[PDB]
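Beneath this line is the structure, given in structure tokens, with notes to follow.
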Amino acid sequence: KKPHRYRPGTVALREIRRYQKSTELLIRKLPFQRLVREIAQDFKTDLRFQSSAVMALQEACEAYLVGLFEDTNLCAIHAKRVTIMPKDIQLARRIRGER
Amino acid sequence: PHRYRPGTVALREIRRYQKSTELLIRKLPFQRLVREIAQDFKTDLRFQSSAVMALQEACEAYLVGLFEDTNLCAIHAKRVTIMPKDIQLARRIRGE
Amino acid sequence: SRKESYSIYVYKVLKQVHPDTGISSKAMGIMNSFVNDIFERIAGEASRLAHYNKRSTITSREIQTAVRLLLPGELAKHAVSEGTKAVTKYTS
Amino acid sequence: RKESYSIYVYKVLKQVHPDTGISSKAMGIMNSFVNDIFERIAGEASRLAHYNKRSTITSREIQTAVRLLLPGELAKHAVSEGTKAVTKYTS
Amino acid sequence: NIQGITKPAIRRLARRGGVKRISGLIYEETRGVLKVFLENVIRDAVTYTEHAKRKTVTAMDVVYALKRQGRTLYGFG
Amino acid sequence: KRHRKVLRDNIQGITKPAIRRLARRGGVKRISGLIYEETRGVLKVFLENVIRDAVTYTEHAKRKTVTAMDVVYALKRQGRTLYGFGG
Amino acid sequence: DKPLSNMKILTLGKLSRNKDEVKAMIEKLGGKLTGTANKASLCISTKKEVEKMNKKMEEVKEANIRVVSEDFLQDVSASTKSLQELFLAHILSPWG
Amino acid sequence: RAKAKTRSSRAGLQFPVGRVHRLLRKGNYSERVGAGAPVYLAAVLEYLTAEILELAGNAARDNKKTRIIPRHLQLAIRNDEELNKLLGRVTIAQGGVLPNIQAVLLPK
Amino acid sequence: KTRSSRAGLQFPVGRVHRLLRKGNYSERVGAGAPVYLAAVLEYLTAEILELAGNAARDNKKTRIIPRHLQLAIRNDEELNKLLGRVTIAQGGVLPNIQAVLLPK
DNA sequence: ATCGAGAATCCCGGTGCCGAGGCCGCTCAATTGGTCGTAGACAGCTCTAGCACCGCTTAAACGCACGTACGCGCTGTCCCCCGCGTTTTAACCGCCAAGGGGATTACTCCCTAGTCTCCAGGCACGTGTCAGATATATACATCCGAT
DNA sequence: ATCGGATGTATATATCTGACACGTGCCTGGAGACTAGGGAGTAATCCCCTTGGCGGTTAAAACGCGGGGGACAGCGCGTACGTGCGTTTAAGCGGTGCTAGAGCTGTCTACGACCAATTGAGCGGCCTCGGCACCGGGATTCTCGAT
């Protein structure tokens, strides 16, 4: 008997339902903290952090990226593409006044 | 008899109106519109002439930038022709 | 050391709208965040109004005006009605 | 009566380009720019004051407000200029 | 009344906006958007006018309205 | 005097499947692989601007430690007001 | 640098940079472009045109105006070297 | 002296009219503050609070939860045109986003 | 004497101080604050007028006009960053066509 | 075309916990209740800028024709993305130890506000010219077939 | 492809007018020279919360292997939009004239600030318990590859 397999993109729809249902953060905690610390250490030495400050940054960044990807989604859809491409982000950010 | 090709004079028009700064809408009917709009927020209103001019500058500027976004939307859609969906996309991305 | 918050007033309002219902501390922190922001928005515009009209005083007129600028229509009208009713009651 | 920055702007114009004039509408726009930036800086300086319970806006607030508002090379140059002007005023 | 915003004016606006080619459906859509944009500004402007107890709108009312609506216009302060 | 190991290249720790989960919450069905590095760049810039101003509030406070309020102020001035950490 | 001064530099012969790029280089360099050899200072082209020898370059040769390979533009847009020597460095006019 | 009575109680409000007046004075917004202002402000804030918490409590009830959580707030906010317009540039910690998929992405 | 003269500036330091006080920004304003602020404003003024003067010279005009300001402000990245949400009366836009729209 | 595996999802029920709700001391922040100076509400006056309406010119908008090139429905084919199995690998969690710096308190004084007297920087408003708008004729730039 | 028709564009010369560049009269707001009350600077002290690191588990990430459906190059063909001529119309302009109301001046007094006595309100700490989470098993949904 052939093993079961979902059709391509069917699980991606299930994944959309999943991560749209949950509130939970999506990035690996400590790596995100390491990145934030790395970036900060480029502005001034030995900078210390409240735990809360890190969590708030991850919330802010994830939310920003998510809304940005929604615009990106529309940009591909308007281009009749099912699939997102860097140009979608660029276009959206340009319309947004980030560029 | 002579002709230009389609779009050639349109590119000439872009050069014209991008080199120039003149306001593009007719002054009188722009004012007429403003007054009837205002009548719904309050009766019997009046205006500084400068406020009309300032409004026209603002509106034409808002429209121009929005049209550049619209142009970019069509271009991203491989069209050279703008369509209402371009504006809608831009306004939606702008969060209007 | 001593802090302050809106939280009890939010909780009283909560009991009034939904007697049976509770709220998380993080959600209450969000409610405090909301109260702070909207307060600050109003107060800034009230200041600007007073400034533009050379008034030393921020008054009921400023709050009413600031609300009429800041809020969408029906939300603003309910808010205007409430604030007016509270002022007339307070005056009595 | 009616105040403006205009004569000071005019002296700056004379400094950078002696032979060059300005239109009334442009000088109006200059006043708009000055007003805007003054408000931006002062508002952030006020917020810094609140955020640190300070009664007083000082050079340090202005320097910081500049560091928040201006992009890089403008901020550096503005900081240098403000530091210089403060130094000269102090002497 | 809004139809006084002429087709060729909208074209000139699109041309300053660098647009090459134009669907007719744009013109009515543009009029709709413009009307909304005007309305939002004007409402706040009239609100400043009314707050000031004026019957006459000033350019400053427009300035303050545009500034709080995030579109600060230099040249009328 | 006891520091942690120095930080380099942690932008790569922002994983492909995390970026995908973010895009999925953003309703994206199908993703070109070119997105990952571009996203990393955008995020890196986005972070940097907030962090610099946060550090600027920290410096104005004469602090060595960044607070959540520093983050909040940075975000608020950058037009992205976050509820959940005020006071 | 601005090594040129309104020099009405003619452009010919299948240039690999577009005319507006070449114009931007010339005019960043303090120059101006032309289509007219009669009022040109100099001309720039692909070497292929001094092989083709079209009437357009032949008028420049009959004006004895010095002419250079397109990488001259790259070089002046990158270096402060005496144009007199850069003529030699990029020379397509044995004339002049 | 008379028995002490709150400006809030005279206003018929839960929000702290007295604390509001204090904050208005110390907030440097103007040289003077007319007594109707803190009342009107308090009433506004309290109304907006109620308007939020009504819909958030409904969202919680719909979710079969008896305690409000950040998800409910965000949901209620995006599900009203007026709140969403009031809060459009605002982000909510642990709010998530509206469950929403564009029809073109669905199976045939 | 004048406070601006001790500062070596054209901007009105006294008017800046008085503005700061009546602008309600704080209970207090330390003496160097108006000096620093004036220098910042004046510097930015100079940077703008410089570039607008260059633009006017390119336009072969001895007088600065709204066009020149807009042109300068959109040609410099840092000015354009500082002023992105600003609009300028009689500025128009940068002459700009997307390459896709051109012939061939 | 509609019908079975079977994979994922959502639904009852026992545990149990730990965050939310609650109650009590109790500090300071609200209220109470008195001044008082000046903000500002209100009357008055005036002159200016906004509003109305008129006739004439000509720039503009419009209305109609037409063709080309643009949009766009359809097809092939190539791969780059999704899905799924194995691997590894590093994130995660607990708990531990150190000590930097955030937080608070107490002191002392430098300095920003405030006050009066003085006066020149800066403002209002006359006025002369040279900057530049407006042709206008002219010499370039560049588009478009037709070859 | 070049080559010349055309027409559109940018460039000399005049000119003329009126905006801005500058001068004078003058007043008010800056500023010089005081004073002091308290903001905030600096020191000291506490302890808490941040930072580091180690060992163990296992969730997630990475990694590799199909394969199909989405991206997109080509393309046939239908119209709608660009260019251009002729029509008409209403914007514009410079005029006139009106008077509403915006702006300045002036009076008078309502009420927000300042101080000071009082106390209960809201905050901080310490209970205690039920809404929620949590498996865990069980019922329902929905998908796919058959048909």
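We number chain A the same way Swiss-Prot does; the residues here are 37-135, in that order.
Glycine is treated like the rest: Cβ placed from N, Cα and C.
If you check Swiss-Prot, you get these features:
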MOD_RES   A:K37  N6,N6-dimethyllysine
MOD_RES   A:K37  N6-acetyllysine
MOD_RES   A:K37  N6,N6,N6-trimethyllysine
MOD_RES   A:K57  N6-(beta-hydroxybutyryl)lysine
MOD_RES   A:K57  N6,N6,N6-trimethyllysine
MOD_RES   A:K57  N6-lactoyllysine
MOD_RES   A:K57  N6-methyllysine
MOD_RES   A:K65  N6-methyllysine
MOD_RES   A:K65  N6-(2-hydroxyisobutyryl)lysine
MOD_RES   A:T81  phosphothreonine
MOD_RES   A:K116  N6-glutaryllysine
MOD_RES   A:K123  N6-(beta-hydroxybutyryl)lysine
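Annotated pair A:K123 (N6-(beta-hydroxybutyryl)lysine) and A:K116 (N6-glutaryllysine), C-alpha to C-alpha distance, rounded: 14 Å. When the modified residues A:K37, A:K65, A:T81 are screened for a Cα within 10 A of the Cα of A:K57 (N6-(beta-hydroxybutyryl)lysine), none qualifies. Here the modified residues are A:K37, A:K57, A:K65, A:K116, A:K123, and the one ringed by the most other CB atoms within 10 angstroms is A:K123. For A:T81 (phosphothreonine), the count of additional Cβ atoms within 10 Å of its Cβ stands at 8 [all protein chains shown].
A:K116 (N6-glutaryllysine) sits 36 Å from A:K65 (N6-methyllysine), taking the CA atoms of both as reference points. Less than 8 angstroms from a Cβ of chain H: among the modified residues A:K37, A:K65, A:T81, A:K123, that describes none of them.
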